[PDB]
Structures are given as structure tokens and as C-alpha cells.
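> Just passing along the structure, written as C-alpha cells.
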Amino acid sequence: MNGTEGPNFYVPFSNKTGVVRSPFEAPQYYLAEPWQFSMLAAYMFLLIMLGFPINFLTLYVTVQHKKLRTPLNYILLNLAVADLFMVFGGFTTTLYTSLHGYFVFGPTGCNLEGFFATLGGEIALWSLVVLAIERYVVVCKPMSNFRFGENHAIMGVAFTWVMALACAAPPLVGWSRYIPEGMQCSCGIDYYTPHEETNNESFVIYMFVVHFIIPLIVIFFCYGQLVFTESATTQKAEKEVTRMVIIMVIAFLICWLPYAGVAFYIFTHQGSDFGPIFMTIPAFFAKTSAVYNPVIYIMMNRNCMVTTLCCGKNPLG
Ligand SMILES: *[C@@H]1O[C@H](CO)[C@@H](O[C@@H]2O[C@H](CO)[C@@H](O[C@H]3O[C@H](CO)[C@@H](O)[C@H](O)[C@@H]3O)[C@H](O)[C@H]2NC(C)=O)[C@H](O)[C@H]1NC(C)=O
Ligand SMILES: *[C@@H]1O[C@H](CO)[C@@H](O[C@@H]2O[C@H](CO)[C@@H](O)[C@H](O)[C@H]2NC(C)=O)[C@H](O)[C@H]1NC(C)=O
């Protein structure tokens, strides 16, 4: 048996070497070397450090500065919101764990991080279907009279919640379950087992198409009709803001693909001798999601932030 199984835990190590045990009371130091965990903490601290402020500051910049009620800034005020849940929820939760080397918060604790950590990641997918389509309808605009405003920018934002909710709830109330992964410090969806008692395989189909490949093909279908793209004074300033979005389509697919792809490799190889590092690393590499969003948002589009940050502002242009 390449691993070891229980009622509320799967772990990739063989009890052949009579040393495996639950990750809920004792530490899992037979998964890796002690020092490696310390790094996942050091890694984790930075995810809390840089994440919280840059998200919370953009939440505080916008609330005071009422001139950023733009349909551009509306979506990037939705992500800063969803990032803060992954800091105080998803990151803190796991920080604790990495340091000691075991889920102390318990089974219910594993069900808290997952509900949050999947919520934040899928909010950055259902919101990109508004970002990919907001840009599509004003470059390939089929209806001249139409305009993107606030009844479209709040009810396009609430579409992202109401579809991300339908992604994170299922494990809590029927379809599958949240469960510790790799080094047993993060907690995501069950990718490994059948557990027919709670319908795993049937949630995964629904998740791979509807909660991944549907938003991916929709962001190839509208990306594909912007390939063909006059006095370009108004164009040229607004062709680097189109670019900015692509960098958060790129950086997304650098971070979340290693995890996404390896997750499929395991779901095909249902119980091979795949290690702990193998599944963990891409998750935590993918979990920089909440930090890179507003950095490029400041390095490409920026003034308002320094203005609240200032003390005595001065006019620059
Ligand atoms: C494979 O690994 C174990 C041996 O490597 C094997 O033995 C049993 O492991 C459990 C671990 O929970 C022990 O249970 C003890 O756990 C704590 C001690 O802090 C107490 O709360 C419990 O009451 C209990 O004392 C068992 O003692 C141990 N059996 C032996 C060897 O005496 C498990 O069968 C395998 N591990 C898993 C998770 O399936
Ligand atoms: C136990 O670990 C072994 C590693 O040697 C796994 O071996 C694979 O088993 C499949 C059969 O499903 C073979 O056809 C392959 O050649 C092996 N390699 C890989 C990477 O696929 C084996 O899967 C594990 N046993 C299980 C399923 O518990």
C-alpha cells in the first residue's frame, strides 16, 4: 500500500516502516526533514506579511477616495476583499500548522481553511469571466448604445460570489470533503480516494469542467476574437491596461497550473507512490494568489495609493 488510510485522513507514506500515524495528534515528521517545514512557515509568513496590507490598503484607499468607482477598480476591489479572507483565514490557519508540524485545529479546522482557500481561488476565476468579457465588449463592441457602469459592475461582481459559493460549499454538505494535503498543513478537496460514502468522483467531474475548463475555454474564446486588434491617441493609453489583465492571466497560469496539472496526475494515478512534497509545493507556490494581484495593479495602471499614503501631496503627471 503506497500510503496509509483512515476515516478522516489520507497520508502519502507506507506504514510498512511501522511509524505512520494520524496527523491530528502527533507530528508527521516522517513525511519530510524537520528543516523543510520551517521554510514553509517562512514562506507562509511572507504570504501573510505582504498580502494583508496591500489588499487592506486598497480597501482603505478606495473607500476614502470616491473617484475610483470605475468598473476597472470595481473588480480589483472584489479581489482585495477575497484576499483578506485567505490571510486571516487560509494563511493563519496553515501558519500554525507548518510551525508545529500537524493539524491541531482538528477535523473541523481542516474544513475551515478549505472552504476559504477554495473561495479565494475561484473568486479569481469567476471574476476573470467579467474581466475577460468587460474588455471584449468595448473592443469588439456589437451594440453601440451599451455602456459598462454600476448596475453592470455590482451585478457582474455578485455573479462571482454566487458561483464561487457553489464551488466551496459542496464538500461541507454532500459532494466530497476537505482533507489535508501532502505535508498535511494545507487543506483542499479530496483528489486521491473514492469515498463513495460522500460522492467524490462525481464532484470532481463537475469541478474540472464547470469550475476550471469552462472559465478557461471562455477566456480562450473571447481572447481569440481580440487577436485581430485609425488615430491611436485614445487607443495607446488604453492598450497597456488591456495588457495588465493579460499579465494576471499569465501569472495566474504560472502559479496555479503546477498545482492544477499535478492534481490531475494524482486523480489518474489514484494511489501511486507519489510523495508529500510533490503535492504540497505547487499549492503553496500557487497560494501567492493574494499577493501578486495588486503589485502589477500598481506597477502598470498607482497615484491614488501614494496620495492617501502621502502626508503633504504634490501634483505629479
Ligand atoms: C500504522 O502506524 C502505527 C505504527 O507505526 C500503527 O499503530 C498504532 O498507531 C496509533 C496512532 O494513533 C497508536 O494510538 C495511540 O495514539 C495516542 C498516543 O498519543 C493515544 O491517544 C491513543 O489512545 C493510542 O495510545 C497505537 O498505539 C498504535 N498501535 C500500536 C503499534 O500499539 C497504526 O495502526 C497505523 N497508523 C494508522 C494511522 O493507521
Ligand atoms: C505502489 O507503488 C508503485 C511504485 O512502484 C506503483 O507502481 C505503478 O503501478 C502501475 C500499476 O497501476 C504500474 O503499471 C506502473 O508501472 C507503476 N508506476 C507508475 C508511476 O504508474 C503502484 O501504482 C503503487 N500501488 C498502488 C496502486 O497502490
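Each chain in the C-alpha cells gets a letter, A, B and so on, in the order shown; residues start at 1 in every chain, and ligands are counted from 1 in the order they appear.
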List every residue of chain A that has an atom at most 7 Å from any atom of ligand 2, and for each one report the closest atom pair and its distance in Å to one decimal, counting only C-alpha atoms and all ligand atoms, with rows sorted by chain and then by increasing residue number, as JSON lines.

{"residue": "A:1", "atom": "CA", "partner": "ligand 2", "partner_atom_place_in_ligand_line": "28 (O)", "distance": 4.9}
{"residue": "A:2", "atom": "CA", "partner": "ligand 2", "partner_atom_place_in_ligand_line": "1 (C)", "distance": 4.8}
{"residue": "A:269", "atom": "CA", "partner": "ligand 2", "partner_atom_place_in_ligand_line": "21 (O)", "distance": 6.6}
{"residue": "A:270", "atom": "CA", "partner": "ligand 2", "partner_atom_place_in_ligand_line": "27 (C)", "distance": 6.7}
{"residue": "A:271", "atom": "CA", "partner": "ligand 2", "partner_atom_place_in_ligand_line": "27 (C)", "distance": 4.9}
{"residue": "A:272", "atom": "CA", "partner": "ligand 2", "partner_atom_place_in_ligand_line": "23 (O)", "distance": 3.9}
{"residue": "A:273", "atom": "CA", "partner": "ligand 2", "partner_atom_place_in_ligand_line": "2 (O)", "distance": 4.4}
> For the residues in that selection, give me C-alpha atoms as a PDB file, in the first residue's frame.

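Writing done, so here's out-v9.pdb:
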ATOM      1  CA  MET A   1       0.000   0.000   0.000  1.00  0.00           C
ATOM      2  CA  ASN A   2       1.626   3.229  -1.212  1.00  0.00           C
ATOM      3  CA  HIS A 269      -2.811   7.689 -10.594  1.00  0.00           C
ATOM      4  CA  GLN A 270      -5.236   7.008  -7.726  1.00  0.00           C
ATOM      5  CA  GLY A 271      -2.783   5.877  -5.027  1.00  0.00           C
ATOM      6  CA  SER A 272       0.620   5.664  -6.712  1.00  0.00           C
ATOM      7  CA  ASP A 273       3.849   6.188  -4.733  1.00  0.00           C
TER       8      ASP A 273
END
> Using only C-alpha atoms, which residues sit within 12 Å of residue 220 in chain A once same-chain residues fewer than 3 positions away are excluded, as number ranges by chain?
A: 128-129, 132-133, 136, 213-217, 223-227, 246, 249
> Output as JSON lines one row per residue of chain A within 10 Å of ligand 1: the closest atom pair and its distance in Å to one decimal place, counting only C-alpha atoms and all ligand atoms, sorted by chain and residue number ascending.

{"residue": "A:3", "atom": "CA", "partner": "ligand 1", "partner_atom_place_in_ligand_line": "39 (O)", "distance": 9.9}
{"residue": "A:4", "atom": "CA", "partner": "ligand 1", "partner_atom_place_in_ligand_line": "39 (O)", "distance": 6.2}
{"residue": "A:5", "atom": "CA", "partner": "ligand 1", "partner_atom_place_in_ligand_line": "39 (O)", "distance": 6.3}
{"residue": "A:6", "atom": "CA", "partner": "ligand 1", "partner_atom_place_in_ligand_line": "39 (O)", "distance": 6.2}
{"residue": "A:7", "atom": "CA", "partner": "ligand 1", "partner_atom_place_in_ligand_line": "38 (C)", "distance": 9.5}
{"residue": "A:9", "atom": "CA", "partner": "ligand 1", "partner_atom_place_in_ligand_line": "38 (C)", "distance": 8.2}
{"residue": "A:10", "atom": "CA", "partner": "ligand 1", "partner_atom_place_in_ligand_line": "38 (C)", "distance": 8.9}
{"residue": "A:11", "atom": "CA", "partner": "ligand 1", "partner_atom_place_in_ligand_line": "38 (C)", "distance": 8.8}
{"residue": "A:13", "atom": "CA", "partner": "ligand 1", "partner_atom_place_in_ligand_line": "1 (C)", "distance": 9.8}
{"residue": "A:14", "atom": "CA", "partner": "ligand 1", "partner_atom_place_in_ligand_line": "1 (C)", "distance": 8.2}
{"residue": "A:15", "atom": "CA", "partner": "ligand 1", "partner_atom_place_in_ligand_line": "1 (C)", "distance": 4.8}
{"residue": "A:16", "atom": "CA", "partner": "ligand 1", "partner_atom_place_in_ligand_line": "1 (C)", "distance": 7.9}
{"residue": "A:17", "atom": "CA", "partner": "ligand 1", "partner_atom_place_in_ligand_line": "5 (O)", "distance": 7.0}
{"residue": "A:18", "atom": "CA", "partner": "ligand 1", "partner_atom_place_in_ligand_line": "5 (O)", "distance": 3.6}
{"residue": "A:19", "atom": "CA", "partner": "ligand 1", "partner_atom_place_in_ligand_line": "5 (O)", "distance": 3.1}
{"residue": "A:20", "atom": "CA", "partner": "ligand 1", "partner_atom_place_in_ligand_line": "2 (O)", "distance": 3.9}
{"residue": "A:21", "atom": "CA", "partner": "ligand 1", "partner_atom_place_in_ligand_line": "38 (C)", "distance": 3.6}
{"residue": "A:22", "atom": "CA", "partner": "ligand 1", "partner_atom_place_in_ligand_line": "38 (C)", "distance": 4.5}
{"residue": "A:23", "atom": "CA", "partner": "ligand 1", "partner_atom_place_in_ligand_line": "38 (C)", "distance": 8.1}
{"residue": "A:24", "atom": "CA", "partner": "ligand 1", "partner_atom_place_in_ligand_line": "12 (O)", "distance": 8.9}
{"residue": "A:25", "atom": "CA", "partner": "ligand 1", "partner_atom_place_in_ligand_line": "19 (O)", "distance": 6.9}
{"residue": "A:26", "atom": "CA", "partner": "ligand 1", "partner_atom_place_in_ligand_line": "19 (O)", "distance": 7.0}
> For the residues in the current selection, export N, CA and C atoms as a PDB file, in the first residue's frame.

ATOM      1  N   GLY A   3       0.960   4.368   0.822  1.00  0.00           N
ATOM      2  CA  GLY A   3       0.254   5.347   1.650  1.00  0.00           C
ATOM      3  C   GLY A   3      -0.305   4.719   2.915  1.00  0.00           C
ATOM      4  N   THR A   4      -1.292   5.380   3.517  1.00  0.00           N
ATOM      5  CA  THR A   4      -1.994   4.848   4.688  1.00  0.00           C
ATOM      6  C   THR A   4      -3.308   5.616   4.891  1.00  0.00           C
ATOM      7  N   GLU A   5      -4.395   4.888   5.148  1.00  0.00           N
ATOM      8  CA  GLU A   5      -5.742   5.465   5.115  1.00  0.00           C
ATOM      9  C   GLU A   5      -6.467   5.401   6.458  1.00  0.00           C
ATOM     10  N   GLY A   6      -7.414   6.321   6.651  1.00  0.00           N
ATOM     11  CA  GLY A   6      -8.299   6.332   7.825  1.00  0.00           C
ATOM     12  C   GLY A   6      -9.655   6.970   7.537  1.00  0.00           C
ATOM     13  N   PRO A   7     -10.458   7.232   8.589  1.00  0.00           N
ATOM     14  CA  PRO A   7     -11.799   7.785   8.408  1.00  0.00           C
ATOM     15  C   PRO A   7     -11.809   9.256   8.010  1.00  0.00           C
ATOM     16  N   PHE A   9      -8.582  10.995   7.204  1.00  0.00           N
ATOM     17  CA  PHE A   9      -7.202  11.317   6.826  1.00  0.00           C
ATOM     18  C   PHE A   9      -6.570  10.369   5.796  1.00  0.00           C
ATOM     19  N   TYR A  10      -5.907  10.965   4.805  1.00  0.00           N
ATOM     20  CA  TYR A  10      -5.076  10.245   3.844  1.00  0.00           C
ATOM     21  C   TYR A  10      -3.695  10.864   3.916  1.00  0.00           C
ATOM     22  N   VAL A  11      -2.670  10.023   3.898  1.00  0.00           N
ATOM     23  CA  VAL A  11      -1.296  10.485   4.005  1.00  0.00           C
ATOM     24  C   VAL A  11      -0.402   9.630   3.117  1.00  0.00           C
ATOM     25  N   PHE A  13       2.451   7.969   2.917  1.00  0.00           N
ATOM     26  CA  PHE A  13       3.603   7.231   3.430  1.00  0.00           C
ATOM     27  C   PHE A  13       3.185   5.845   3.895  1.00  0.00           C
ATOM     28  N   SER A  14       4.048   4.870   3.643  1.00  0.00           N
ATOM     29  CA  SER A  14       3.752   3.476   3.926  1.00  0.00           C
ATOM     30  C   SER A  14       4.042   3.129   5.385  1.00  0.00           C
ATOM     31  N   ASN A  15       3.059   2.550   6.081  1.00  0.00           N
ATOM     32  CA  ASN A  15       3.275   2.056   7.450  1.00  0.00           C
ATOM     33  C   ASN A  15       4.058   0.735   7.475  1.00  0.00           C
ATOM     34  N   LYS A  16       4.423   0.235   6.292  1.00  0.00           N
ATOM     35  CA  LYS A  16       5.425  -0.829   6.140  1.00  0.00           C
ATOM     36  C   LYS A  16       6.610  -0.606   7.077  1.00  0.00           C
ATOM     37  N   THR A  17       7.038   0.651   7.196  1.00  0.00           N
ATOM     38  CA  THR A  17       8.087   1.040   8.137  1.00  0.00           C
ATOM     39  C   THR A  17       7.483   1.425   9.496  1.00  0.00           C
ATOM     40  N   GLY A  18       6.517   0.626   9.956  1.00  0.00           N
ATOM     41  CA  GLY A  18       5.847   0.801  11.246  1.00  0.00           C
ATOM     42  C   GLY A  18       6.097   2.101  11.981  1.00  0.00           C
ATOM     43  N   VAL A  19       5.709   3.219  11.369  1.00  0.00           N
ATOM     44  CA  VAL A  19       5.852   4.537  12.003  1.00  0.00           C
ATOM     45  C   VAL A  19       4.761   5.553  11.616  1.00  0.00           C
ATOM     46  N   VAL A  20       3.827   5.165  10.750  1.00  0.00           N
ATOM     47  CA  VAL A  20       2.795   6.085  10.279  1.00  0.00           C
ATOM     48  C   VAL A  20       1.713   6.229  11.337  1.00  0.00           C
ATOM     49  N   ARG A  21       1.059   7.382  11.359  1.00  0.00           N
ATOM     50  CA  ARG A  21       0.008   7.655  12.333  1.00  0.00           C
ATOM     51  C   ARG A  21      -0.758   8.920  11.949  1.00  0.00           C
ATOM     52  N   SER A  22      -1.873   9.163  12.637  1.00  0.00           N
ATOM     53  CA  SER A  22      -2.777  10.274  12.318  1.00  0.00           C
ATOM     54  C   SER A  22      -2.070  11.633  12.340  1.00  0.00           C
ATOM     55  N   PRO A  23      -2.517  12.585  11.498  1.00  0.00           N
ATOM     56  CA  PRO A  23      -1.911  13.911  11.502  1.00  0.00           C
ATOM     57  C   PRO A  23      -2.647  14.891  12.419  1.00  0.00           C
ATOM     58  N   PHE A  24      -3.429  14.356  13.355  1.00  0.00           N
ATOM     59  CA  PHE A  24      -4.341  15.153  14.174  1.00  0.00           C
ATOM     60  C   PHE A  24      -3.922  15.247  15.647  1.00  0.00           C
ATOM     61  N   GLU A  25      -2.993  14.394  16.071  1.00  0.00           N
ATOM     62  CA  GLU A  25      -2.483  14.432  17.441  1.00  0.00           C
ATOM     63  C   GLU A  25      -0.958  14.516  17.488  1.00  0.00           C
ATOM     64  N   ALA A  26      -0.288  13.802  16.588  1.00  0.00           N
ATOM     65  CA  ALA A  26       1.167  13.764  16.556  1.00  0.00           C
ATOM     66  C   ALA A  26       1.662  14.496  15.318  1.00  0.00           C
TER      67      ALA A  26
END
> Which residue out of A:252, A:265, A:244, A:34 has the minimum interatomic distance to residue 299 in chain A when only C-alpha atoms are used?
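Once distances to residue 299 in chain A are computed over only C-alpha atoms, the minimum belongs to A:244.
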> Please give the complete set of residues from range 69-225 of chain A that DSSP, run on the backbone, assigns to strand (DSSP E or B), formatted as a PyMOL selection string.
chain A and resi 178-181+186-189
> Could you tell me which of A:85, A:278, A:175, A:43 comes closest to residue 31 in chain A if we count only C-alpha atoms?
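The closest residue to residue 31 in chain A is A:278.
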> From the list A:162, A:112, A:169, A:185, which residue is nearest residue 97 in chain A when using only C-alpha atoms?
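Answer, going by the shortest atom-to-atom distance: A:185.
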